[PDB]
Amino acid sequence: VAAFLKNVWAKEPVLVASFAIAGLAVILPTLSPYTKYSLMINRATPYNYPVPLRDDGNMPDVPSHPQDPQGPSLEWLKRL
Amino acid sequence: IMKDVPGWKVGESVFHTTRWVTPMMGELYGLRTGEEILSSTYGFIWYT
Amino acid sequence: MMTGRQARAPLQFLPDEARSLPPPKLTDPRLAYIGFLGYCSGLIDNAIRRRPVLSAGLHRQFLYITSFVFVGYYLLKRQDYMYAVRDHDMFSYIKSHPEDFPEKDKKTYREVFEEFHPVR
Amino acid sequence: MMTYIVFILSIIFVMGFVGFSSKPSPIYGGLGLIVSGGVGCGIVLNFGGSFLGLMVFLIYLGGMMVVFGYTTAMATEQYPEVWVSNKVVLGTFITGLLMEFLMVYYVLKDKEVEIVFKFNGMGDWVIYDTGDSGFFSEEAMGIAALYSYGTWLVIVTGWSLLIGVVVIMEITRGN
Amino acid sequence: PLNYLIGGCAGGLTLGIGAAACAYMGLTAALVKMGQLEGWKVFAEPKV
Amino acid sequence: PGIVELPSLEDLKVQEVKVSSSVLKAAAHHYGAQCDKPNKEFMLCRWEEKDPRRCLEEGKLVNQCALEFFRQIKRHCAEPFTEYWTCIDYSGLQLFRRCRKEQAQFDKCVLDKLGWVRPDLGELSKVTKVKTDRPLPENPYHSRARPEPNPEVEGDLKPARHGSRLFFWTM
Amino acid sequence: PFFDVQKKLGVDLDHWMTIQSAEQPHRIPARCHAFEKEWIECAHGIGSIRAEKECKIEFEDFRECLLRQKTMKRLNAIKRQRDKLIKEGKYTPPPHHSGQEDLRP
Amino acid sequence: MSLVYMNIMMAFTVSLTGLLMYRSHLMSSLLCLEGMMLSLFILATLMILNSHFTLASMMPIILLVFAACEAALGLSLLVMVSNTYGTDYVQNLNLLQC
Amino acid sequence: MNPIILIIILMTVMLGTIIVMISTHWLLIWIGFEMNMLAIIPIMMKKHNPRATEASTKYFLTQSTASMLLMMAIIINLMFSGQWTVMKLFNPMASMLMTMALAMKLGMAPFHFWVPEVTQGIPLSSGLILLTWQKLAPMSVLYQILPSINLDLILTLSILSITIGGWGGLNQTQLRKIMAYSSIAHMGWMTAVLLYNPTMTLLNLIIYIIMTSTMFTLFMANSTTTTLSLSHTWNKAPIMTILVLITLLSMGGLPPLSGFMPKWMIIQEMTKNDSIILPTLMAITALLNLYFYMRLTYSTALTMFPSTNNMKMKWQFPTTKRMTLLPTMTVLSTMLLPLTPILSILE
Amino acid sequence: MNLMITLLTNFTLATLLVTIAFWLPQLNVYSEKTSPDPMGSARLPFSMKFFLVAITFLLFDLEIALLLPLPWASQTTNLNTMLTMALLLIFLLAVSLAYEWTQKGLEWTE
Amino acid sequence: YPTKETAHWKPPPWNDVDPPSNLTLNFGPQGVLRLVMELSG
């Protein structure tokens, strides 16, 4: 499992490089901390119009102006 | 235009509903010149 | 025909409402006939491989009989369920449309006139 | 004249199949199908289907009709044709193709305008630019959704392509 | 029915083999006549 | 069918904002900051009513508040704004990333002479709540009543009377 | 044999591509989103036999939204009458259909 | 119905009539079959782009890929025929009369 | 063939039929038919002889034409309905195209002209698959689109299929072509009762698959491909002699055997719907199938016996062949008629 | 529109250069020459290997046709599913390549 | 039943199989040497 690895690195380095790159491409998106930021950036990219809501009277988490405190903020994206 | 033709309600819809229908390209640019029709319907496609 | 009934609960071999029906007894003539088909399959299986037909493979004939009775018990349960659903839907549609199913006035033969055809 | 261009291409498209459904040869059949693929791709591209037109070129024409011409060229043993000096070897080609465009322009006659003008599409047919879409081709995002929404579709398609490789390698063995 | 039996045998005499085609086309045209009389359906509509 | 009720030409006339798209893109973030309220009341009316014929006057309110956005730039800070939208106007894709010193001059002069804060990255894409006095549409699709569903099955399931009733089978 | 495995197990294998009114990427509407939504909500759960004869108005509105045959018929009628009046010399086109009016926005 | 759809259907039926009257070769049959596939691609694409129905835009590519794989299978069959007789002639494919 | 590759390809055939059976979408119907054809093409070429390549070429041409006609029917449905649900079709042009395409995939007449050829060109197990498993997917689509199927067209195809599958069985000594014309006749029987009661369609399908599988399993157990080669069964394995022929007496449609179970039930659903002439004609043609297949029965259980001397060597060796489910399928193809009201499980 | 004009100008320049390349030396009255290669009268034998590499091109080209919308599919919200299906397609292309390997399909044109 | 069109039809083979070269190039003088090649692909 180690002498076989040295043998296949001696005979066929192309397939060893291919299986190593493919194995890292499989495992490393889960072992990474920055993978969640890909999800967050792709879900915070505004392709549509943010259709507003009628104010029924009791919605504390929804702002009234873009320059309000509450609302989803992208301080993490500006700073990183 | 439609004076001589009998049985013609002007502005008669073809939909039985009264909901607003998004107008087709010919409902807007039908009675106009050909260059405006070309710039309306192939302008974005033919643009370089 | 009844595929709209098995469309809100698909791929149920026996629904829960089928449990409101009596199961077939283990002395059902249909189930004993399916066991006879198992015994026939055992005899044909010992015949086509040139075995002594009654003697050889008594475990094999016992599994033929048991497997046919086992599948046939559930097939008889599903048969009873489907004819019960057929009669239940029939009776509900008769009860829900009386105007399409009027009660015919039964006339006795003292009012009913039949043309007599002499045989000679 | 310029307005009816998709319709014009469609007419040429129909005529293109008459190039090879009459079947003069499998090689000229492939040539007519390549020309028909190009003009049907022009029909696709003139509704804003840019990616689908480039799939016509890249996968249908440059991917598959290359293989059809390749397999045809490994069959149907060839023979020479007329090879006199330039009054035959290119002059007859130019007169024949000028007669082909004469046939293309020749069908737009009084039997055509009774269908064209009574059922005028250009003016109200090509409606792909009806309002705004945004910062994205809707057709591009619909093809992009093959990976998020089309999980079962990609599974059965990749399984069919793997089985296609296996099936070709099993039937082309002879043993 | 009898007239189309005569017509079927007339079509059978111009068919040939003779008497068999006479009887076959006569019985077939008889069934056509009886289907026109009693309303017999060959491609019957699904009703139940 | 019924005659579609299109409003008159006099009911459509308004004072247009006759500026080009680079003028609008250079003045986009401050417009989203300062012209928030009639814009969101209009687009709430536009997605609730699903009909522009009932969204006319609110739309004119947009076209009443956009011009007063630009006049307040034209009285105070027309020259940094002109220098900014000219550099926006040069580019083919109209990049914000090519015009940062003119952006800083326009934001500085606007924050001084008017006091407008350019919004942060992430804020103009927010879903906001909108207080209106107009009613909620009870049927924006103008749909008629649905047909009534079939009566469902109920009751205890009885066995089949005398089996299958198939010619001679008693079970 | 319609073995509805997708309703038994609770998987969505191909329901998403089926109708236009389903969840589209980036909330893109179809051209006939309202008409197909009304035909589906009308004809839901009542079966095909009742759905043919009891939702024909919504279905014809949706078919006419798809094909636009009545709208193309109406535009061909109006354009034919306009061409005949321009040919007779009894009508003149307006400036806002000839291209001399400096369009709205 | 519509006009350009009628043209693409006309091409489909013309390549069908070419696919239903064989002259000499099996490659002519495969070419008429793939002209049919091409017309199906064109007509599906114009419908899907016309209605702005977004998720079906992956459908013609699917309609391409499978069917192109199908054509590959047909080509391989032709090759095995041309490895037995030397030609791809359909009149060499008549041993199954008995 | 590599047995792992054989298992993968057979599971791909089953997967294509299952994708046609379970899908609510037309593209997946088409994908399942494409997968089914693509995977079944090496099953025909298991032996690598020119008759299998000819059979696979004819099968590819017919099934590919049917697949393209199916996709044209789907496309015309998307025109006139804008949707993709596998339900009734919203144009009778698309209905006619899908009915013609499914008749081509089943090999119903007048698109029957590939069925006795291809079944002749391929081995017995691949012919078994072609005549049992490949019916399941187009009959499933016909089950799901029957509110749009034209009555006159499906009855025309049904009676034409029964007549041509009847008169195909005269001139044949090949067992595989006789099974192919029996296939054509039984598909006419199945599609006769489709617009009246599709439960009887599924009953006819299951009884047909059981009888066809019994017959092909007997043909594989005896390795006989012709009538004249079948005629030596009495001297080699005498228990094999009658089981073929009581199964074929079932396949004709003959009481008290269970092959009388479909046709009678089909007549039992067509005299309800006031069609008396049409089941009468179809079952007279089934008696014509009895005529030719009873002549084959006379050929094997009686007159044309005589053996050759090398058969004496076969007496010293039993069948080591897998006769898989052959006693079970032989019991289920004859003695099932007293359990005829089991058909309610197919609703 | 500009694209069609550009294609038409490229096609016109191509046909013009071909027409000049054929008609300009046919001004010459040089010689009518007679008496018409590694084969003289041999037929073409078919080669199975060239057809195998053509069909291998076509099947991997279909797999590439599936792989083409990946720069657009990277922008989606369901990145776990998108990554799984992207890796699954490239893995099935690799499995098709390994099956082409081990069954001696890539031999004598490896 | 052997009719007129069916009399010449012989029966198929029993095991269902039917009874079914390589390239030769001349690399001529086009030092100098001629090469006759029996090639096999």
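All chains are identified by letter, namely A, B, C, D, E, F, G, H, I, J and K, in their written order; residue positions are counted from 1 within each chain.
In the analysis below, a residue touches a chain if its C-beta (ideal position, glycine included) is under 8 Å from a C-beta of that chain, and two chains touch if they have at least 3 such contacts.
By chain, with names taken from UniProt: D = NADH-ubiquinone oxidoreductase chain 6; H = NADH-ubiquinone oxidoreductase chain 4L; I = NADH-ubiquinone oxidoreductase chain 2; J = NADH-ubiquinone oxidoreductase chain 3.
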B-G compared against D-J, more contacting pairs: D-J
Most centrally placed chain - per-chain CA mean versus overall CA mean: H
Distance between chain centroids, defined by C-alpha means - chain E, chain J (Å): 65
Centre-of-Cα separation between chain J and chain H, whole angstrom: 20
Chain A and chain J, separation of their C-alpha mean positions in angstrom: 37
Centroid spacing, where centroids are CA-atom means, of chain C and chain D in whole angstrom: 58
For chain C, residues that touch 2 or more chains besides their own: 3, 30, 79, 83, 86
Numbers and ranges of chain G residues touching at least 2 other chains: 2-5, 13-14, 16-17, 20, 25-26, 28, 30-32, 34, 38, 47, 57, 66-68, 71-72, 75, 79
Chain I residues counted as touching two or more neighbouring chains: 27-28, 31, 34-35, 38, 41, 50-51, 56, 79, 82, 84, 120-121, 174, 341, 344
Touching pairs - complete list by chain label: A-D, A-F, A-G, A-J, B-D, B-F, B-G, B-J, C-F, C-G, C-I, D-G, D-H, D-I, D-J, E-I, F-G, F-I, G-H, G-I, H-I, H-J, H-K, I-K, J-K
Interface residues, chain H side, partner chain G - complex: 1-2, 50-56, 58-59
Touching residues on chain K, where the partner in the complex is chain J: 21-28, 41
Touch list for chain B against partner chain D, complex: 22, 24-27, 29-30, 34, 37-38, 40-45
In the complex with chain C, residue positions of chain G that touch it: 2-5, 7-8, 47
Residues of chain G that touch chain H when the two form their complex: 16-17, 20, 22, 24-25, 28-32, 66-67, 69
